[PDB]
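Let's start with one chain on its own, the form deposited without its partner chain, as structure tokens.
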């Protein structure tokens, strides 16, 4: 059996766990970290936010099984048990549980987050990233965490509150048929806050229908893009690129790099009788495969883009293992 071409049995419901595991399994820097045993020296056994390493260890054993080449499929049962103890969208919980089980910080310091105070974006963003790293420093931060900018303007006191905040994936609103760029553009478009989600202005201590505008500051080696289809489901066809997604026009950081991305995995959802599956590119032969619980089959790029596409995993070209741009 070819390593990585390994299915996952359906324990029973479990939402898109298998689909998510297949996307994470075919995230090369993450799988390489576990197969090379780099996680043992970084297991955090005394983290009040973690599982005493049990999520990272069960995930590591699962990954090792899937890339041993001994199995056509395996059961992710132990890993599911640990994830369910961590958390009574699943992807945020998976990345958070791995992160805290591997957090290189032993005791998180309390950090006061200053408002921009009219300082330049670069200063404020580097401060925010340094503070983040003072509390969160792991392989998960290294692969998946980026930084975005939030600008809130008070309709009452005109206070301009600017913050930079970490993300481990981007939830995109959906603009019939649309392109991915249109969804990102809409994600960065200034909206007014509704009465269903006001903002607490700290200057007059009232909740406000503030304007909110998001901007992208820095992008991770692996950019995970969640298309917001739930909250019934929007079946919009979102056209996205397989290769050469250029994010540079959306970044406001002038010191970001080339930021070109190639698709590596897609979580699909059908008929929400809802069911999730995955397309993923195998790191050893570079071909595309379709993962449906225990079933693995060959796929071609021309079926990847569909109304079913739900979560997209992109890897930045300059971070590719073994090739230098």
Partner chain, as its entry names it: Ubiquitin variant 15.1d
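Residue numbers count along the first chain shown, from 1.
Note that the form solved in complex with its partner chain isn't included here; everything after this is about it.
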| item | value |
| --- | --- |
| Residue 132, heavy atom within 4.5 angstroms of its partner chain in the deposited bound form | yes |
| Close approach of residue 71 to its partner chain in the deposited bound form, 4.5 Å, heavy atom | no |
| Close approach of residue 167 to its partner chain in the deposited bound form, 4.5 Å, heavy atom | yes |
| Exercise: residue 237 in contact with its partner chain in the deposited bound form, heavy atom 4.5 Å | no |
| Contact test, all of 84, 293 and 304, partner its partner chain in the deposited bound form, heavy atom 4.5 Å | no |
| Single option in 113, 78, 186, 105 placed near its partner chain in the deposited bound form, where near means a heavy atom within 4.5 Å | 113 |
